[PDB]
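To begin, one chain is listed below as structure tokens, in the form deposited in one PDB entry.
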């Protein structure tokens, strides 16, 4: 008929009535409760809204599980809208419930049941303190389900909120690593080019690669930048990769002999498409005068193993000539690099890999290559036969013996 404008009744003191709980540990307000910390069967989401107790159920285990279980899936339901409004009315209570050990799961349930309009409010809330939210053990999950579920421009706004932050500290963090990995394995590369610019620095790249957590995010970025198929047709990723692989190839020696950055070095040796050039460089720069020394290291011997696995003949041949005739025999013991790596706790593996590639390559098309692999393998056989009495007693020596009976020199 006529206009009717309906202000909301205030409940200032009535919001404080939910502060009283049966338990010290439990946070469910006493009106909803068995007395055993479970929600009553008489409680309705409508009651939660009526009592203004969304935060208080989201802080409980059983109250939050109730919310997740009965939150409606369709975006046009009235209870869905009233609960979402109550969630996002206050930014501070939203970001507290994101940071809550139990409320995060409800924020994720909202993310699961979201449309584009709701995603806008959620993205603006997360953006205001994204860096600290993703540093938190609880919210980091919410941030990752955001990067999963959002529209790509909303997720890109979130990703770009990290543009000028302490990204070494976030990359090596036990929680933010998974966030950064999730971004680089999820969003298109334009959403996170600022990361690749960040690791154009040598020091940032070293401190992230020399970590159990940051080495895996560096692998995820490199594996994302390498996997294309639009060769020649433009080259944005190529330029990005290059600027990253520059440092890898410039600190290779250090990174390759590191507890964690070795995995990065072997990841670029294993991927033989866009990283092949870099694989070859890495071999040429840190490996190809240092094979004995690196095969005796507990970390670098794995890198030498995957280098023998994945190198091209041209380099495999220089590696083989290094081990067979590249070092001057010890002045006391009169033994070469091959003698040393046969009776080494780590080198043995390198020698086993040498055997493996010289048997796979014996079946190569180029006869010359087949002959060269055969005579390398023959040189290994002669040295193993002259040391077989001592090597037979070792597990590794037994693996070596049964590798060389399972060939055909032809």
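Just so we're on the same page, rigid core means the largest C-alpha set that superposes within 1.5 Å between forms. Numbering follows the first chain given and starts at 1.
For the pair 67 to 75 and 121 to 129, the mean B factor over Cα atoms is greater in 67 to 75. Annotation for 269 to 277 versus 228 to 236: the higher mean temperature factor (C-alpha) is found in 228 to 236. Per the deposited record, 81 carries the highest C-alpha B-factor of all listed residues (81, 156, 262, 301).
Out of 200, 320, 340, 140, it is 200 whose C-alpha atom has the highest B-factor in the PDB entry. Ranked within its chain, residue 326 lands in the lowest third, by CA B factor from the PDB record.
Among all modelled residues in this chain, the alpha-carbon of residue 403 has a temperature factor (C-alpha) in the highest third. The deposited CA B-factor of residue 18 belongs to the highest third of values across its chain. Among the modelled residues of its chain, residue 312 has a C-alpha B-factor that falls in the lowest third, as given in the PDB entry.
Annotation for residue 369: CA B-factor lies in the middle third of the chain's modelled residues.
Same protein, other form: the form deposited in another entry, not shown, and the subject of what follows.
In a core superposition between this form and the one not shown, the Cα of 75 is the only one among 243, 293, 75, 254 shifting by 2 Å or more. Once both forms are fitted on their rigid core, the CA atom of residue 204 lies less than 2 Å apart between this form and the one not shown. Shown in the overlay between this form and the one not shown, fitted on the rigid core, is a CA shift at residue 116 of 2 Å or greater.
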